[PDB]
Amino acid sequence: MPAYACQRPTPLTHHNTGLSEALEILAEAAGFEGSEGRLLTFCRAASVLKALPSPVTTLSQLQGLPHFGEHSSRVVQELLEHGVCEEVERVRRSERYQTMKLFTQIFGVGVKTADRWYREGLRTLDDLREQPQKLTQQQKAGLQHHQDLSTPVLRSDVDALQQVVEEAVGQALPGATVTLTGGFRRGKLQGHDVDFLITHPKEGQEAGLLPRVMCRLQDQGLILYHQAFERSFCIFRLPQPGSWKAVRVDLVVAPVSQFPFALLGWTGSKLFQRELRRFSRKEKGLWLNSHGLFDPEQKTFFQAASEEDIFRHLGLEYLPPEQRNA
DNA sequence: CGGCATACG
DNA sequence: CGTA
DNA sequence: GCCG
Ligand SMILES: Nc1nc2c([nH]c(=O)n2[C@@H]2O[C@H](COP(=O)(O)OP(=O)(O)OP(=O)(O)O)[C@@H](O)[C@H]2O)c(=O)[nH]1
Ligand SMILES: [Mn+2]
Ligand SMILES: [Mn+2]
Ligand SMILES: [Mn+2]
Ligand SMILES: [Mn+2]
Ligand SMILES: [Mn+2]
Ligand SMILES: [Mn+2]
Ligand SMILES: [Mn+2]
Ligand SMILES: [Mn+2]
Ligand code: NA
């Protein structure tokens with residue numbers, strides 16, 4: 001079992017969901033308490049289980065696996081022996097976990113904001129609505145549309161949204177393209193949002209594109225919330241039969257020179273990309289982001305025509321998007 | 001001991 | 001800070 | 001929490 005998640009295939013459907021979900025509760029809780037290192041370990045351990053070919057039935061099957069130490073092993077041991085881990089259940093049932101999950105699920109609210117509200121005694125969404133002065137415009141939008149934003153986005157929604165984004169993009173710039181990224185490109189059937197990457201084959205023609213796209217969407221009544229810019233984290237008014245629902249949509253524009261790097265970064269998973277960037281820097285001495293791959297000693301950027309090119313320049317076996325579900 | 005991904009809005 |  |  002390779003130690004980095006970018007060195008192994010992780011399919012969407014795997015064989016250890018019970019174990020991985022328990023470890024991911026501990027990771028989430030570690031985040032709520034401000035320990036990003038513990039969060040990362042528990043996430044990495046859960047991800048290792050997703051990459052295994054068969055169900056773990058015996059604690060012996062963990063020996064030698066990366067990111068399993070005393071704590072993650074004890075969690076698995078108790079789930080195998082008893083079907084429940086006391087620590088996981090305590091966190092699950094705790095007022096702090098439940099409230100931090102509730103608040104951080106809001107668009108515009110992260111851990112530090114949720115923790116402050118928790119410390120102020122706030123506990124419910126209605127508590128927040130009762131104190132609108134304490135909210136940014138982004139948080140106001142997140143709370144206003146929270147019910148819809150909690151409804152899974154389905155493929156039919158994606159296809160309808162792709163059509164209206166393509167229409168606006170084509171009106172704004174002939175020849176520009178729209179690529180579905182995020183979890184749907186990895187094969188997910190559902191999501192919390194839809195992610196789109198926009199470019200143009202002629203370098204530089206995409207300058208100023210995203211404001212023009214947003215204006216065209218806003219004039220068709222499709223925009224409920226949005227913030228020079230190249231990323232827009234939006235809420236769309238998606239038509240439905242006889243009505244509409246709010247959907248989160250992320251739009252990003254990249255020049256075509258950067259498109260493989262942006263496609264790779266925005267296709268995820270989040271853990272896959274953090275692990276790939278860690279691998280790049282720590283094992284290969286190269287700096288990876290959604291713009292490029294930089295060699296800091298020659299002071300040069302690697303020219304890539306595809307995601308495959310990037311994997312190859314990092315000395316990694318290529319993984320298609322459906323195997324990046326780390 | 002300390003690192004843990006890396007950027008834009 | 002928030003978002004990805 | 002795990003690891004280089
Ligand atoms: N959520 C999230 N995405 C991130 C982070 N950093 C980062 O590069 N991304 C990239 O943004 C991509 C799209 O983000 P996303 O939150 O829409 O996640 P997703 O489509 O995989 O899952 P979803 O099904 O919940 O929408 C991810 O797939 C990930 O690679 C991060 O900290 N959080
Ligand atoms: Mn399998
Ligand atoms: Mn412990
Ligand atoms: Mn026991
Ligand atoms: Mn998404
Ligand atoms: Mn997104
Ligand atoms: Mn840029
Ligand atoms: Mn330490
Ligand atoms: Mn520690
Ligand atoms: Na949030």
Side-chain angles (χ1 to χ4, degrees), chain A residues 1-6 23-24 26-31 33-48 62 64-69 71-73 75-76 87 103-111 113-117 135-136 138-142 149 181-183 185 191-197 210-211 214 225-226 228-235 248-254 258 261-284 286-294 296 314 326:
Chain A
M1 181 55 77
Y4 288 87
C6 54
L23 291 164
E24 289 180 339
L26 298 186
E28 185 178 21
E33 303 313 296
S35 176
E36 290 298 306
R38 294 190 295 114
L39 174 152
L40 266 177
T41 281
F42 283 132
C43 286
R44 288 169 182 165
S47 186
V48 162
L62 302 184
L65 291 183
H67 306 295
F68 278 88
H71 196 145
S72 303
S73 301
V75 171
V76 171
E87 184 187 8
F103 286 169
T104 57
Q105 283 174 340
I106 303 160
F107 177 67
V109 180
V111 170
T113 301
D115 169 68
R116 181 176 69 253
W117 292 342
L135 307 173
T136 65
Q138 184 182 57
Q139 290 160 356
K140 286 184 162 135
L149 295 194
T181 185
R185 182 170 180 253
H192 96 290
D193 72 0
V194 192
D195 312 284
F196 294 113
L197 173 62
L210 191 51
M214 293 305 307
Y225 167 83
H226 77 119
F229 55 99
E230 60 201 46
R231 303 175 182 181
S232 186
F233 316 115
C234 309
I235 304 177
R248 280 271 297 105
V249 178
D250 293 334
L251 305 176
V252 50
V253 171
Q258 298 177 12
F261 303 96
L263 181 63
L264 179 62
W266 285 86
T267 293
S269 71
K270 170 190 181 147
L271 181 63
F272 192 95
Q273 292 306 309
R274 296 167 79 146
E275 292 275 291
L276 185 65
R277 291 168 188 201
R278 192 175 59 100
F279 179 90
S280 180
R281 181 186 280 272
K282 303 302 186 174
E283 306 301 326
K284 303 300 171 167
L286 304 178
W287 302 350
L288 179 65
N289 66 15
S290 80
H291 290 63
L293 179 61
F294 184 67
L314 292 175

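So that the names make sense, note that chain A is the first sequence line, chain B the second, and so on, each numbered from 1.
Between A:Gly37 and A:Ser290, it is A:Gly37 whose nearest contact on DNA chain B lies nearer the 5' terminus.
The listed nucleotides are C:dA4, D:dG1, B:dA5; the one nearest the side chain of A:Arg277 is B:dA5. Nearest to the side chain of A:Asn289, among B:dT6, D:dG1, B:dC8, sits B:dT6. Considering only the side chain of A:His291, B:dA7 comes nearest among D:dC2, B:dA7, C:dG2.
On the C1' atoms, B:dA5 is 15 Å away from C:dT3, given to the nearest whole Å. Using P as the reference atom, D:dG1 and B:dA7 are 29 Å apart when rounded to the nearest Å.
For A:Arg38, the salt bridge (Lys or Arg N to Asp or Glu O under 4.0 Å) test picks out no residue, with sequence neighbours left out. The side-chain contact (heavy atoms from CB on, under 4.5 Å) test applied to A:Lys270 returns A:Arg274, not counting sequence neighbours.
A:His71 has a side-chain polar atom (N or O) that falls below the 4.0 Å cut-off from OP1 or OP2 of D:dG1. Taking only side-chain nitrogens and oxygens, A:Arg44 never comes nearer than 4.0 Å to OP1 or OP2 of B:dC4. OP1 or OP2 of B:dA5 lies within a sub-4.0 Å distance of a side-chain N or O belonging to A:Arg274. Dashed line: the shortest gap from a side-chain N or O of A:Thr113 to OP1 or OP2 of C:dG2 is under 4.0 Å. A sub-4.0 Å separation between OP1 or OP2 of D:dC2 and a side-chain N or O of A:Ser72 is present. A close approach under 4.0 Å does not occur between any side-chain nitrogen or oxygen of A:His226 and OP1 or OP2 of C:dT3.
Not a single donor-acceptor contact under 3.5 angstrom links the side-chain atoms of A:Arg281 to the base of B:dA5.
Between the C1' atom of C:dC1 and the CH2 atom of A:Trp117 lies a distance of 12 Å, rounded to the nearest Å. Whole-Å rounding puts the A:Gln138 CD to B:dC8 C1' distance at 12 Å. Summarising the geometry, the separation between CG on A:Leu197 and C1' on C:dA4 is reported as 12 Å, rounded to the nearest angstrom.
For an aromatic pair to be called close, the ring centres must be under 6.0 Å apart, and A:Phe42 with A:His71 satisfies this.
Within 4.0 Å of A:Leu288, counting heavy atoms only, lie sugar-phosphate atoms of the nucleic acid but no base atom. Contacts of A:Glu230 with the nucleic acid, taken as non-hydrogen atoms under 4.0 Å apart, involve only primed sugar atoms and P, OP1 or OP2. Backbone-only engagement by A:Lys282 is indicated by non-hydrogen atom pairs under 4.0 Å involving sugar-phosphate atoms exclusively. Across all strands shown, A:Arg278 has heavy atoms under 4.0 Å from sugar-phosphate atoms exclusively, and none from any base.
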Q) Run the ring pair (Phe, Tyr, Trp, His ring centres under 6.0 Å) check on A:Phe107 and A:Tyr225 step by step: do they pass? A) CA-CA 11 Å; A:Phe107 177 67; A:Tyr225 167 83; 5.7 Å; yes
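The shortest heavy-atom contact between A:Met214 and A:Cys234 is CE-SG, 3.6 Å.
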